[PDB]
Amino acid sequence: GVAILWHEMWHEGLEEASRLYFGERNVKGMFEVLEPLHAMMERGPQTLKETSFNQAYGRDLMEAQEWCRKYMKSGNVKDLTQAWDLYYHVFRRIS
Amino acid sequence: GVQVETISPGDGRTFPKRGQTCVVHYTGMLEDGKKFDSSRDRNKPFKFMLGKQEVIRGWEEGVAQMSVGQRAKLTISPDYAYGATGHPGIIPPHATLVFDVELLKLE
Ligand SMILES: CO[C@H]1C[C@@H]2CC[C@@H](C)[C@@](O)(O2)C(=O)C(=O)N2CCCC[C@H]2C(=O)O[C@H]([C@H](C)C[C@@H]2CC[C@@H](O)[C@H](OC)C2)C[C@@H](O)[C@H](C)/C=C(\C)[C@@H](O)[C@@H](OC)C(=O)[C@H](C)C[C@H](C)/C=C/C=C/C=C/1C
């Protein structure tokens, strides 16, 4: 059970990142889980399964990152709440 | 703890078993009445699985005793919500919360 496919990686990543932020108030830790996963997407899809994942969920995940980056400048936690609304939508669809 | 007061009745029969996802509409507000979150305002219900510690204790115990179609006022103690830490930038420390929640269906 090593998470190799993108939906597997995002599912375990979003679970862990939410546990850090909502469970433990650890914004830094949340970002340390998420930033690498977004960077993986930004490298681009390499396989067919990555391509179809990207077509389904790429826009939503990209927008969640923009809300997080809004938070980085604003400091307004409501912007992280927006991001988590988008991340939860992805999480349910890949569960 | 949590106090459940029925606003609108459900069927009084279909209660959520563990394993099922509860689909709800909610409106969360502080003790004074100021809203902090509402699924109704977004026009998109909230889905979550019960008894997995997914949500705050007031929901875990409160929503468990609701029937399908029921709408209720959940007054939740701070130790049954976010406690001393709170939820930074939304819910402060030692906050009594009030949720107007409607159990729409189970999936
Ligand atoms: C975009 O919106 C936010 C919710 C905002 C966030 C800010 C809030 C003030 C408030 O505005 O909702 C609010 O109204 C509220 O108070 N709610 C929401 C309605 C249910 C009752 C109550 C309320 O308990 O919510 C909860 C506590 C925040 C955290 C939890 C309290 C119990 C404690 O054990 C948890 O430790 C891990 C932390 C948030 C829940 O909703 C979501 C669905 C659950 C979690 C984040 C965790 O379980 C998580 O674990 C690892 C999961 O498994 C999920 C399924 C993983 C997934 C990848 C992330 C989902 C994130 C969704 C975020 C949403 C929907």
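Residues numbered from 1 in each chain as written, not as in the entry; some residues may be left out. Chains lettered and ligands numbered in written order. Heavy atoms only, no water.

Looking at the entry header, you'll see X-ray crystallography listed as the method and 2.81 Å as the resolution.

Visitor: For the overall build of chain A, give the residues involved together with the corresponding values.
Guide: Each helix and strand counted, chain A has four helices and zero strands in total. A compact globule built from 95 residues should have a C-alpha radius of gyration of about 12 Å, and chain A, at 13 Å, falls within 12% of that. Evaluated residue by residue, chain A yields a buried proportion of 41% over its 95 residues. Counting only contacts in chain A whose residues sit at least 6 apart along the sequence, the fraction spanning at least 24 positions is 59%. (Helix = DSSP H or I, 4+ residues; strand = E, 2+ residues; numbered from the N terminus. Rg over C-alpha atoms; globule rule 2.2 N^0.38 Å. Buried < 20%, exposed > 50% of the residue type's maximum accessible area, 1.4 Å probe, protein only. Contact = heavy atoms within 4.5 Å.)

Visitor: An account of the UniProt feature "domain: PPIase FKBP-type" in chain B is needed here, citing residue identities and associated values.
Guide: In this numbering, the UniProt entry assigns the feature "domain: PPIase FKBP-type" to residues 19-107 of chain B. The distance separating the terminal C-alpha atoms of residues 19-107 of chain B is 9 Å; by composition the span is 11% helix and 38% strand. (UniProt positions renumbered as here; feature names shortened; annotations may be inferred.)

Visitor: How would you summarise the interface of chain A and chain B if you had to cite specific residues and measurements?
Guide: Many structure descriptions define interface size as the accessible area lost when the parts assemble. In this assembly, eight residues from chain A lie in contact with twelve residues from chain B. Here chain A and chain B share an interface that buries about 770 Å² over both sides, 56% of which is from carbon and sulfur atoms. On the chain A side of the contact with chain B, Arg25, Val77 and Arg92 of chain A bury the most area, a combined 52% of that side's loss. The interface formed by chain A and chain B includes zero salt bridges. (Buried area = accessible area lost by both parts, 1.4 Å probe. Salt bridge = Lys/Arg side-chain N within 4 Å of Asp/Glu carboxyl O.)

Visitor: Outline empty space enclosed by the protein, listing residues and values.
Guide: Residues and elements named next belong to chain A. Taken as a whole and judged by the stated rule, the model has one cavity of 30 Å³ or more. One number sums up the size of the largest cavity: a volume of about 60 Å³. As for the largest cavity, its lining consists of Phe31, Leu34, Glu35, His38, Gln65, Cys68, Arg69, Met72 and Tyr87. Those elements that provide at least two residues to the lining of the largest cavity are α2 (27-43) and α3 (48-74). Class assignment of the residues belonging to the lining of the largest cavity gives a composition of five nonpolar, two polar and two charged. (1 Å grid on protein atoms, 1.4 Å probe; cavity = no way out; pocket = protein on both sides within 12 Å on 5 of 7 lines; lining within 4 Å. Points joined across faces, edges and corners; volume = space filled by probe spheres on them. Nonpolar A, V, L, I, M, F, W, Y, C, P; charged D, E, K, R; others polar.)

Visitor: So what's going on with the site of the ligand? Which residues, and what values?
Guide: As a matter of local geometry, the ligand sits amid 25 residues, with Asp37, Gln53, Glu54, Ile56 and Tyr82 of chain B nearest to it. The ligand sits at a junction of chains, with neighbouring residues supplied by chains A and B. Interatomic distance of 2.7 Å between a side-chain N/O atom of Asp37 of chain B and an oxygen atom of the ligand. Taking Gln53 of chain B, its main chain carries an N or O atom lying 2.7 Å from an oxygen atom of the ligand. Sorting the residues of the shell around the ligand by element identifies α1 (6-24) and α4 (77-94) of chain A together with β3 (35-38) of chain B as the ones contributing at least two each. For the shell around the ligand, the element with the highest residue contribution is α1 of chain A, accounting for six residues. (Near = heavy atom within 4 Å. Polar contact = N/O pair within 3.5 Å; in protein donor to acceptor, adjacent residues only side chain to side chain.)

Visitor: Kindly report on α4 of chain A, identifying the contributing residues and their values.
Guide: All names here are of chain A. Taking 1.5 Å as the rise per residue, α4 with 18 residues should run 26 Å; its terminal C-alpha atoms sit 26 Å apart, in good agreement. Those residues of α4 not exposed but buried are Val77, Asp79, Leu80, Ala83, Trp84, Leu86, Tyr87, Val90, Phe91 and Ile94. Along the axis of α4, the buried positions cluster into a sector of 165°, meaning they face one direction only. Contacts made by the buried residues of α4 are with α1, α2 and α3. (Expected span 1.5 Å × (residues − 1). Arc of directions from axis to C-beta.)

Visitor: With reference to specific residues and values, describe α2 of chain A.
Guide: Residue and element names in this part refer to chain A. For α2, spanning 17 residues, the distance from its first C-alpha to its last is 24 Å, which sits close to the expected 24 Å at 1.5 Å a residue. Buried residues in α2 make contact with α1, α3 and α4. Two or three places before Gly29, at the start of α2, stands the capping residue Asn26, its side-chain oxygen 2.9 Å from that residue's backbone nitrogen. Downstream of α2 by a residue or two, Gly44 has a phi angle that is positive, lying close to 105°.

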